[PDB]
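Reviewing the structure listed below.
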Amino acid sequence: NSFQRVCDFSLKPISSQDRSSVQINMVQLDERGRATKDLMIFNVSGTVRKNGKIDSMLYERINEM
Amino acid sequence: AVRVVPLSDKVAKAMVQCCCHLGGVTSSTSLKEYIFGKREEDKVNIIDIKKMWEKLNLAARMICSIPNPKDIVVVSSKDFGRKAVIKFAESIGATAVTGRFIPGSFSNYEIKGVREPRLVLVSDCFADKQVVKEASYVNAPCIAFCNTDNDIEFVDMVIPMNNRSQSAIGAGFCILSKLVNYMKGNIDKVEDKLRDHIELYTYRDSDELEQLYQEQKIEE
Amino acid sequence: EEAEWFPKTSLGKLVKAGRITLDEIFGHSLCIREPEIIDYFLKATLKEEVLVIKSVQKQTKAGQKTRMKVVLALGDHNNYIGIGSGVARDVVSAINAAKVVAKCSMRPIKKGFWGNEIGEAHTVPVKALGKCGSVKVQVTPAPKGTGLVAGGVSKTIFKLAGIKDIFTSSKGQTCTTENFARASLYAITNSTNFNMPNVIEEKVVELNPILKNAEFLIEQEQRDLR
Amino acid sequence: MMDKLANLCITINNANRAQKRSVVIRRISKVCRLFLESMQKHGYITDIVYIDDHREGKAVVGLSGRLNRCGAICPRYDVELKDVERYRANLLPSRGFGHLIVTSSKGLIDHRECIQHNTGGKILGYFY
Amino acid sequence: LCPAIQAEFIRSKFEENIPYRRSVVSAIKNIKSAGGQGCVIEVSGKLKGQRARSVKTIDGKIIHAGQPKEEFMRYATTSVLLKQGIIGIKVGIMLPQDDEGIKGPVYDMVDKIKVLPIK
Amino acid sequence: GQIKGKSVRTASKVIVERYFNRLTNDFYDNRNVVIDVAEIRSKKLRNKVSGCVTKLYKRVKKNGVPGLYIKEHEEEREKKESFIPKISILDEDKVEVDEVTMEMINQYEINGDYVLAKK
Amino acid sequence: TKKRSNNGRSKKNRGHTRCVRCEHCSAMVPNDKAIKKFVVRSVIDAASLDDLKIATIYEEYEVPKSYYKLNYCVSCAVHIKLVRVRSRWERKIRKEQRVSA
RNA sequence: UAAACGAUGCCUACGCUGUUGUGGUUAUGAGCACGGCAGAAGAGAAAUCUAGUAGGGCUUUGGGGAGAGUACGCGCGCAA
Ligand SMILES: [K+]
Ligand SMILES: [K+]
Ligand SMILES: [K+]
Ligand SMILES: [K+]
Ligand SMILES: [K+]
Ligand SMILES: [K+]
Ligand SMILES: [K+]
Ligand SMILES: [Mg+2]
Ligand SMILES: [Mg+2]
Ligand SMILES: [Mg+2]
Ligand SMILES: [Mg+2]
Ligand SMILES: [Zn+2]
């Protein structure tokens with residue numbers, strides 16, 4: 001439904017109006033370092049983006065994984 | 001740890017000759033995490049190699065995620081860094097913009113010839129400020145090469161590298177091109193074609209090209 | 001007599017082909033940049049009301065040059081509302097202009113219960129505040145069967161949004177109709193996005209529909225060309 | 001000097017707005033401990049450590065994504081059980097969730113436990 | 001493309017007691033739909049009270065200056081008598097270019113430059 | 001007060017960008033080319049255009065005009081850009097480098113043939 | 001409304017400063033506010049140096065210079081055109097002027 | 001008594017970055033006290049920011065223009 005989108009980095013809902021929200025998709029590495037059909041997916045709000053804070057935060061979470 | 005395509009000794013050497021690691025004198029709270037010491041003689045900050053390889057790998061990964069590669073838009077509005085974009089985009093199937101980025105050209109339907117982006121790439125993003133600003137209206141991520149003096153709000157992936165020297169610009173673009181091709185299986189090893197490509201991308205004056213023409217013709 | 005719509009934008013291609021629904025649009029926070037997109041789904045149902053007409057003036061060597069400024073609301077009495085202003089030489093032209101702005105700024109409005117979850121949801125979920133210029137508005141949930149305790153302009157807006165009971169308070173220069181209209185629309189909007197205790201568990205994830213349908217759109221690229 | 005229970009609240013409110021996950025709080029008293037321990041029972045904060053520095057005291061805490069706001073009331077008004085719902089309606093956003101904390105002869109308790117135990121007390125603070 | 005017809009459509013609607021705005025808007029649609037590349041309409045008089053005014057409308061392309069005005073531009077003027085006084089109507093239309101010379105001039109304007117495409 | 005103007009200048013640039021292979025230094029040649037390649041009706045305008053074309057041609061020839069694209073020059077540029085120097089700094093296996101870099105090498109045990117810059 | 005962030009003067013962290021007198025009209029002006037101008041002028045004009053070369057008794061001669069610091073009040077500086085009115089964004093630009101001769 | 005003005009009360013908090021000063025101290029990496037400057041984010045009717053966040057403590061003080069900081073009484077002062 002219309003009310004089920006939540007930001008991964010700031011843990012609050014994203015409103016339908018936010019032009020600066022974006023979704024980031026990345027592939028997963030294969031054995032011997034090649035590519036695969038499976039995707040990482042992140043939903044990120046505009047508030048982090050206006051500040052500049054997203055650069056470091058994403059680097060943290062790829063390490064967490 | 002992050003799963004990254006392995007470093008190889010000649011590649012490492014290559015970047016060091018290309019002077020990728022020489023930052024400026026200033027630094028920013030966003031970029032402290034990439035520096036590893038300062039030159040006692042010069043006050044120049046030195047960039048961490050292992051981190052540079054990491055974010056280069058991370059960029060490559062997400063370039064692979066978007067079908068119909070034409071929808072990737074590469075921009076770089078400066079000579080001294082021009083031809084790199086023109087070749088790089090062809091190596092992956094992307095579209096490009098070369099001169100002044102006409103403001104409104106993503107926003108406004110009437111301005112022809114530039115596609116609605118799904119991913120924007122920028123080099124030396126002190127110029128091309130408009131491009132980073134405008135992509136924000138159309139829900140596109142942004143990837144930029146950047147240096148310790150400068151800082152950006154909307155850039156999602158900041159690849160750290162020298163951006164103020166023609167040696168350096170060539171190195172970043174040349175390597176990243178190869179990774180994207182490798183990740184897809186278009187090539188079998190990355191050390192294959194170093195001095196050929198890295199030179200092709202490197203910027204040269206008209207005055208040099210005259211000399212090289214005359215030399216080449218004498219050799220022919 | 002009528003003109004057929006050719007979609008100017010990528011999302012526009014999907015709606016005309018019939019590959020998408022209006023909840024999916026709002027759910028993924030996609031931009032709307034063609035009014036026809038809203039017409040396609042809601043044309044049969046939209047009501048509108050003009051909140052204010054006023055005359056504005058610019059002084060020149062020759063005299064005052066003058067124009068008509070109109071502000072209105074579009075809404076469906078169920079879920080959707082949007083607010084729009086336009087300026088033109090003529091009151092008709094101004095209405096045409098205002099409607100474009102309204103359609104490009106429609107939003108879905110959530111609802112809730114004053115007490116227990118018996119029957120249908122009828123009020124705003126949570127007490128919230130909206131600010132525009134010198135004007136501040138606060139909305140509070142209300143028991144079923146109280147009706148709309150609301151001032152002149154804001155009352156129309158709650159009705160179009162499909163709210164049945166509310167309590168309202170207000171501060172500032174409410175004579176300025178544009179500020180009072182925008183502030184009240186922000187108040188309900190802010191209430192819908194409040195971080196409810198359940199929200200973290202209700203979370204779902206999906207790939208963006210424009211990336212999901214890339215194959216079809218690539219066929220449409222070649223079909224237009226050939 | 002600032003009130004210690006006021007200082008606690010502003011420290012966590014600002015850090016939450018700035019999107020930090022953890023903070024150090026610099027001056028701690030007996031009721032500050034009990035307040036934090038209340039927020040842990042209802043799952044608003046996750047991890048607590050106390051540092052025994054011989055200089056007043058200090059705490060390190062992990063914040064959850066569920067915390068929107070908290071605050072202290074000054075002064076600490078006395079309330080009969082008849083009065084508490086008035087304060088509940090003034091402070092909290094909804095009838096469905098959130099906590100108003102009251103000190104009593106039975107420790108810190110919330111506005112629901114007041115009905116169960118049949119006791120008023122003194123008003124202390126709130127969170128949602 | 002005949003301004004003398006359209007002006008009499010306008011004059012009729014005044015006697016039919018229909019607002020000038022609606023009447024003029026209709027006239028402009030008819031002129032444009034029939035292929036005119038632009039037109040000008042002015043109404044003048046005791047139109048909305050005791051103080052007289054004139055209201056002028058422009059659409060598309062209209063030429064005012066030089067010899068190109070004598071070959072592309074067509075004009076008509078009329079007036080309607082009402083209980084309060086005479087209301088005057090001016091209509092001007094710019095004809096389309098026409099390679100067979102029926103609807104307008106064969107040769108396009110003297111100042112237009114066109115460069116041919118390459119093989 | 002003899003300024004070509006925006007119509008004349010636009011037309012002239014389109015002509016040089018597409019017919020450079022047909023033009024020369026001479027006004028009288030250049031006028032025969034524009035009489036063929038363009039639809040200019042006014043006698044005064046075709047003289048203005050042909051005069052403007054000669055001036056552009058001599059600029060493009062005597063080291064360049066920016067923001068003007070000539071196809072056969074793009075061909076020359078590409079063939080020139082398609083070259084690698086004999087001289088290189090990539091193939092020398094030995095290197096001298098800063099002291100901090102030696103400590104960065106030490107912290108990651110990097111294999112090679114690095115030496116301190118003598119300075 | 002407040003036109004300048006620094007109130008048009010260079011005083012900060014002080015109560016009071018010494019006054020000086022305007023070169024053109026002798027008005028009192030605070031030292032931290034006065035418009036200042038530096039001059040280094042040859043005693044002998046450029047149009048005479050070619051005569052000096054035949055007039056002097058010495059093998060070589062260096063002309064003596066004269067040195068001045070001048071102070072002006074706002075009204076005089078504007079009227080003599082040492083300074084001019086500037087737009088709302090230009091007002092913020094600060095650059096050192098040339099030494100006069 | 002002053003346009004006694006940074007027209008911004010006093011203690012005490014929580015708070016982003018870069019740069020430049022003054023005085024001590026230094027594992028030479030930096031700190032502590034007192035400043036200037038330039039952005040950001042929030043805020044505000046805007047201009048702008050001693051103005052961000054907040055039921056921390058205590059004092060002064062305003063309530064549409066005028067008449068009026070004037071009349072009568074009182075206290076200080078040689079008078080003003
Ligand atoms: K007249
Ligand atoms: K003073
Ligand atoms: K000054
Ligand atoms: K006073
Ligand atoms: K001080
Ligand atoms: K204020
Ligand atoms: K008195
Ligand atoms: Mg003309
Ligand atoms: Mg003034
Ligand atoms: Mg005091
Ligand atoms: Mg009063
Ligand atoms: Zn003076």
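Lettering follows sequence order; numbering is per chain, from 1.
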Which atoms of [X] are under 4.5 Å from chain A, going by heavy atoms: the side chain, the backbone, both sets, or neither?
X	answer
C:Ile210	neither
C:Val204	both
C:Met196	neither
C:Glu24	neither

| message | Only pairs of heavy atoms separated by less than 4.5 Å count here; which of C:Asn79, C:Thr192, C:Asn193 has the most with chain A? | response | C:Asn193
| remark: Pair count under 4.5 Å, heavy atoms only, with chain A: among C:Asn195, C:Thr189, C:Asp23, C:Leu22, highest is C:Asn195
| field | Modelled atom types, side-chain donor and acceptor of A:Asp18 and A:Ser20, under 3.5 Å | value | yes
| field | Under 3.5 Å side-chain donor-acceptor pair for C:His122 and C:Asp165 | value | yes
| message | Within a 6.0 Å radius of atom CD on C:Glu202, are there more than 12 heavy atoms belonging to other residues, nucleotides or ligands? | response | yes
| task | Identify whether the distance between the nearest side-chain nitrogen and carboxylate oxygen of A:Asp8 and A:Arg61 falls below 4.0 Å. | result | no
| query | Is the shortest distance from a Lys or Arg side-chain nitrogen in C:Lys69 or C:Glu178 to a carboxylate oxygen in the other one below 4.0 Å? | reply | yes
| Close aromatic pair by centroid cut-off 6.0 Å: C:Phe41 and C:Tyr80 | no
| note | Most contact-rich option vs chain C, by heavy-atom pairs under 4.5 angstrom, among A:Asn25, A:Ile41, A:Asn43, is A:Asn25
